[PDB]
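Trainee: what's the 3D shape of this:
(3 chains)
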Amino acid sequence: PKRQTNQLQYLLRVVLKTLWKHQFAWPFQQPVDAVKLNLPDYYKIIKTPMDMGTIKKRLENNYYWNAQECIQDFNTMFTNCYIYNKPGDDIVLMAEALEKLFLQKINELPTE
Amino acid sequence: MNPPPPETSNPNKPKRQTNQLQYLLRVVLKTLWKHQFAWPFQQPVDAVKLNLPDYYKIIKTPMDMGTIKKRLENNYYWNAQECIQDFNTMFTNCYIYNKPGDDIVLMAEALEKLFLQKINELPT
Amino acid sequence: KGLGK
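Mentor: Numbers count the residues shown, from 1 in each chain, chains lettered A, B, ... in the order given. Dropping the coordinates below:
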């Protein structure tokens, strides 16, 4: 039952937009191409791969019904990065700033 | 519609120039320097180490922040505008050599943004 | 050349 559309419109037009356009967005805007980056084992260590490209398409195609799903996809992206990469890595620092911003934005999420 | 009267303070006086060079060192370069992306720009490109044997054939005026820092610290520049040009050369070199979309290009662009934001606040 | 991935 009810598609949580108000919350999901907020996710697309406010939350996604903000992280999408952030200076640190680019490594996260598509799935990790493990070939191009020669991370042979990426897809053996990250079992639930997730990225903003995929989140974006989902929000744009009404893939989601619950807000919590979409929010959890973001959490999975950030965790995927921390588990695969050493703390301190450029990419970990980037993910950290994107996450803090996301947390900030999620705090004003509209209600069901 | 009467225009601004003529100059009565001379921009060539030494402190006016040194104040700008100081801002370029202490505010502008320093800000870029403390950015998470500075590190590939803190020294000349090491063609051998990174194994890019066309770099010095392609890029005719190499530039990096480490060299700019040295010039600012060692009486090289006449004025801020010369220094600004070295920055521009540093960014342009990166955009020329590398493919749009490479990590390094995206990192230079973030630097250039911050650079331009600080340059806008240069004292006059 | 990059973020170091």
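
Trainee: got the buried residues for the helix or strand where residue A:91 lies?
Mentor: Under the criterion of DSSP states H and E, residue A:91 resides in helix A:90-106. Judged by neighbour count (16 or more other CB atoms under 10 Å in any protein chain shown), helix A:90-106 contains these buried residues: A:90, A:91, A:93, A:94, A:95, A:98, A:99, A:102, A:105, A:106. (Each C-beta comes from the backbone N, C-alpha and C, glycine too.)

Trainee: quick one: residues contacting the residue nearest to the spatial centre of chain A.
Mentor: Ranked by distance to the mean C-alpha position of chain A (CA atoms, centre = their mean), the top residue is residue A:74 at 3.3 Å. The neighbourhood of residue A:74, defined by CB atoms under 8 Å, 6 or more residues apart in numbering or on different chains, consists of A:52, A:55, A:102.

Trainee: again, only this time at 10 Å
Mentor: A:11, A:15-16, A:19, A:28, A:50, A:52, A:55, A:98-99, A:102-103, A:105-106 (CB atoms under 10 Å, 6 or more residues apart in numbering or on different chains).

Trainee: state the phi and psi torsions of it.
Mentor: Dihedral pair for residue A:74: phi -60, psi -40, per degrees, to the nearest 10.

Trainee: cool, residue A:35 as well?
Mentor: Backbone dihedrals for residue A:35, given as degrees, to the nearest 10, come out at phi -60, psi -70.

Trainee: same thing with the one 5 residues further on?
Mentor: Reported as degrees, to the nearest 10, the phi and psi values for residue A:40 are phi -50, psi -30.

Trainee: likewise residue A:16?
Mentor: The phi and psi values for residue A:16, taken as degrees, to the nearest 10, are phi -60, psi -50.
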